[PDB]
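Below you'll find the structure, written out as structure tokens, and then a few comments.
Throughout, a chain's letter reflects where its sequence line sits, starting with A, and its residues are numbered from 1.
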Amino acid sequence: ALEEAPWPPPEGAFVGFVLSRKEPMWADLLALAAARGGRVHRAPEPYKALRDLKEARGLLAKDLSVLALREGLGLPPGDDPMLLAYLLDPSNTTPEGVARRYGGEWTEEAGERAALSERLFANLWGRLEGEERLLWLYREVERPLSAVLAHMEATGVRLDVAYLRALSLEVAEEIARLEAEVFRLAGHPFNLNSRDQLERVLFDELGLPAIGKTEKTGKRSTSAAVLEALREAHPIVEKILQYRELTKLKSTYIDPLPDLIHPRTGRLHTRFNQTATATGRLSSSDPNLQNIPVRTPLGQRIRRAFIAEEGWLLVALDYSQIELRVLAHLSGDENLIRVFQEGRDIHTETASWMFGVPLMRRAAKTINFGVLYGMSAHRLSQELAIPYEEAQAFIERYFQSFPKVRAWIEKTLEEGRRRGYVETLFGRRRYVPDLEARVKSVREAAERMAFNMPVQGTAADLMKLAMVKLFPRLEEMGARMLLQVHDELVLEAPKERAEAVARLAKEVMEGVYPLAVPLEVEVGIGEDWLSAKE
DNA sequence: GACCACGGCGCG
DNA sequence: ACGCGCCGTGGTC
Ligand SMILES: Nc1nc2c(ncn2[C@H]2CC[C@@H](COP(=O)(O)OP(=O)(O)OP(=O)(O)O)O2)c(=O)[nH]1
């Protein structure tokens, strides 16, 4: 810092850069700087100076690296103080917060940013000393991962624009039809997009019972859950739910996506955020490609839009019940571990209401998804369509079949209260203080956040590690990693190597880290994201 | 134009 | 009575 010294910087310096916007793929490089040995180096011309650097180290290294790859420059990201802070406390998600917290100030000048990166790393890195397990995550997962992610953000994914443009016109017509029908029943036109106007119409201008109310402002809710219960109580309801689906997918996916194709690449680029979640998961944004619809017919039509480059094929890899398996391993429950040991499908195997294996099943498929979150009979009976206590009775059979689960939940909650945090299999930790709150609702909310983190975070660790190990193997085969959706990966491979890439990636993922239970991966190849599954 | 809270909903 | 990001609305600055 302080002493201004001419560019270029000495090797191994901390970089501070300024972008016109957050998205590195769309951002103009306004300023570039570096700091080292107590010196500040401000580049005369940012874009040119980019060539000098050998690797990116400093706050938000990956982003600068992404922009570098955009310009043909092979500039890999390295140390990033944000990554260290994220490992100390996953609540450290922003440079504004991190700086303020560890001896600095997040500015709009590259030099002060570069200097902030230098001292911020010194301090933070010191706080990580002794934390063997965290250091291991930083070196063996986080740091290397930042590079893999940088290459995914720069590669982007191919989108069938004309297809979506056409789908938009068809959906527009169907929306108009539902709009006219709803207005007819309402006896008058209003903003069907306005849940406020909808509330008045539904519960006041109609004999419709208000089931629940909104959290913050306490209005009569018009959530899908509420409307579901009223689907028979009125024709207009079903038409409103259908209107909801269409408008949701049209305004969020169908319309905005085509307009996001990058001019240089001709592909769709998302940002994979590394210090965003409280559990250790990745997040996707601008645009979010981890929530592309798939569960409904209309959603699946949208998913077909994501296609492979010509001469290429999409390879889709999904872990199967990875969080359940993580639980089986974390808890040590034999009667569960031995369900994945025998390769026996849990949902039907845990369909032990009587004996499989084989009738009421899928009621367990929702119990298994449900135990991870700590859902009670209410969310259960409602989503399963059964009496309130024809749901409670269920949940208790579960803890009797799998006692070691309850024991683990109990275990970690106790651990959490004591030291103030919980952790994953690899020692990634999340601080959750409200475990000692005197208000039950608040405390029981903290508890759910608390015992879910180790499970969801461990699965995140496994996927991350699997990506770090899988990446180099893909480069050697001229294949590329496109997207990650928490428990699934999407690769793009040349048709010829497609099947080879598929088999390899599968094994890299199944053996990423052996547990007291085998990890199972489903693999699919196709010209589009949808067909690449099944 | 920007950013906001909110209700709502897409995905794992 | 889990984890995210984005939409339109309604609203402010
Ligand atoms: N984490 C999470 N994932 C969900 C939820 N609802 C749906 N999904 C996604 C995750 C994977 C997929 C369900 O995968 P399963 O583990 O049921 O495996 P499957 O192939 O669907 O088996 P089956 O067809 O027998 O249900 O749907 C949810 O509430 N939480």
Result block: side-chain N/O donor-acceptor pairs under 3.5 angstrom for residues 173-180 of chain A, not counting sequence neighbours:
{"unit_1": "A:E174", "atom_1": "OE1", "unit_2": "A:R177", "atom_2": "NE", "d": "2.9"}

Please report, rounded to the nearest Å, how far the [atom2] atom of [N] is from the [atom1] atom of [X].
{"X": "A:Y319", "N": "B:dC11", "atom1": "OH", "atom2": "P", "answer": "23 Å"}
{"X": "A:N452", "N": "C:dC2", "atom1": "CG", "atom2": "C1'", "answer": "4 Å"}
{"X": "A:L202", "N": "B:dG7", "atom1": "CG", "atom2": "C1'", "answer": "14 Å"}
{"X": "A:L227", "N": "B:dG7", "atom1": "CG", "atom2": "P", "answer": "15 Å"}
{"X": "A:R303", "N": "B:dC11", "atom1": "CZ", "atom2": "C1'", "answer": "8 Å"}
{"X": "A:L298", "N": "B:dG10", "atom1": "CG", "atom2": "P", "answer": "11 Å"}
{"X": "A:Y373", "N": "B:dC11", "atom1": "OH", "atom2": "P", "answer": "13 Å"}
{"X": "A:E199", "N": "B:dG8", "atom1": "CD", "atom2": "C1'", "answer": "13 Å"}

Residues forming a side chain to side chain contact (heavy atoms under 4.5 Å, CB included) with A:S531, sequence neighbours excluded: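 For A:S531 the side chain to side chain contact (heavy atoms under 4.5 Å, CB included) partners, ignoring immediate neighbours, are A:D528.
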For A:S441, check side chain to side chain contact (heavy atoms under 4.5 Å, CB included) against everything at least two apart and list the hits.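 Applying side chain to side chain contact (heavy atoms under 4.5 Å, CB included) to A:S441 gives A:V439.
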Pairwise ring pair (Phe, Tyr, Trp, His ring centres under 6.0 Å) hits with a residue in residues 176-197 of chain A, at least two apart: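 Sorted pair list: A:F183-A:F190, A:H188-A:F190.
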Between C:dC4, B:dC11, B:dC9, which one does the side chain of A:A278 approach most closely?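 Within the option list, the nearest is C:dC4.
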Closest approach to the side chain of A:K248, judged atom by atom: which nucleotide of C:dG5, B:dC11, C:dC2 is it?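 Within the option list, the nearest is C:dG5.
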Tell me, which pairs form a side-chain hydrogen bond (donor to acceptor under 3.5 Å, both in side chains) where one or both residues lie in residues 239-258 of chain A, sequence neighbours left out?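 Of all non-adjacent pairs touching residues 239-258 of chain A, those that pass side-chain hydrogen bond (donor to acceptor under 3.5 Å, both in side chains) are A:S168-A:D255, A:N193-A:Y243, A:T222-A:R244, A:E238-A:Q242, A:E245-A:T296, A:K250-A:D255, A:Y253-A:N291.
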Taking a positive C1'-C2'-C3'-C4' angle as north and a negative one as south, how is the sugar of C:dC7 classified?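 Pucker of C:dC7: north.
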Between the protein and nucleotides 10-12 of chain C, list every N/O to N/O distance that falls short of 3.5 Å.
{"unit_1": "C:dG10", "atom_1": "OP1", "unit_2": "A:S194", "atom_2": "OG", "d": "2.6"}
{"unit_1": "C:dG10", "atom_1": "OP1", "unit_2": "A:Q197", "atom_2": "NE2", "d": "3.4"}

Contact class for [X] (heavy atom, under 4.0 Å): base, sugar-phosphate, or nothing?
{"X": "A:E215", "result": "sugar-phosphate"}
{"X": "A:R271", "result": "nothing"}
{"X": "A:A460", "result": "nothing"}

Could you pull out all residues at least two apart from A:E23 that satisfy side-chain hydrogen bond (donor to acceptor under 3.5 Å, both in side chains)?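 Testing A:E23 for side-chain hydrogen bond (donor to acceptor under 3.5 Å, both in side chains), a comparison that skips the adjacent residues, returns A:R21.
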State which residues pass side-chain hydrogen bond (donor to acceptor under 3.5 Å, both in side chains) with A:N452; sequence neighbours excluded, sorted by chain then number.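 Residues passing side-chain hydrogen bond (donor to acceptor under 3.5 Å, both in side chains) with A:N452: A:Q456.
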OP1 or OP2 of [N] less than 4.0 angstrom from a side-chain nitrogen or oxygen of [X], does that happen here?
{"X": "A:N193", "N": "C:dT9", "answer": "yes"}
{"X": "A:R244", "N": "B:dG10", "answer": "no"}
{"X": "A:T214", "N": "B:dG8", "answer": "no"}
{"X": "A:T222", "N": "B:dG8", "answer": "yes"}

Does anything in residues 432-449 of chain A come within less than 4.0 Å of DNA chain C? Heavy atoms only, and list the residues if so.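 Heavy-atom cutoff 4.0 Å gives A:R448, A:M449.
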Looking at DNA chain C, which of residues 249-257 of chain A put a heavy atom within less than 4.0 Å of it?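 By residue number: A:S251, A:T252.
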Are any non-hydrogen side-chain atoms of A:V512 and A:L470 less than 4.5 angstrom apart?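 Side-chain contact under 4.5 Å: no.
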Could a donor-acceptor pair under 3.5 angstrom be found where the side chain of A:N291 meets the base of B:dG10?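 Yes.
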Decide yes or no, distance alone: a donor-acceptor N/O pair under 3.5 angstrom between the base of B:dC6 and the side-chain of A:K216.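 Donor-acceptor pair under 3.5 Å: no.
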Using the ring of each side chain (for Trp, its six-membered ring), is A:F306 parallel, tilted or perpendicular to A:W529, with breaks at 30° and 60°?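 It falls in the perpendicular class, over 60°.
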Salt bridge (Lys or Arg N to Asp or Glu O under 4.0 Å): pairs with one or both residues in residues 88-100 of chain A, sequence neighbours excluded: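 Listed by first then second residue: A:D89-A:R101.
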A:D196 vs A:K219, test: salt bridge (charged side-chain N to carboxylate O under 4.0 Å, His left out). Steps then yes/no. CA-CA 8 Å; A:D196 274 345; A:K219 298 201 193 71; 3.8 Å; yes
Using ring-ring contact (aromatic ring centres under 6.0 Å, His included) as the criterion, list what pairs up with A:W26, not counting sequence neighbours.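 Only A:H262 meet the ring-ring contact (aromatic ring centres under 6.0 Å, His included) criterion with A:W26.
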Could you go step by step and tell me if A:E415 and A:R418 meet the salt bridge (charged side-chain N to carboxylate O under 4.0 Å, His left out) rule? CA-CA 5 Å; A:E415 194 89 308; A:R418 198 177 59 73; 3.5 Å; yes
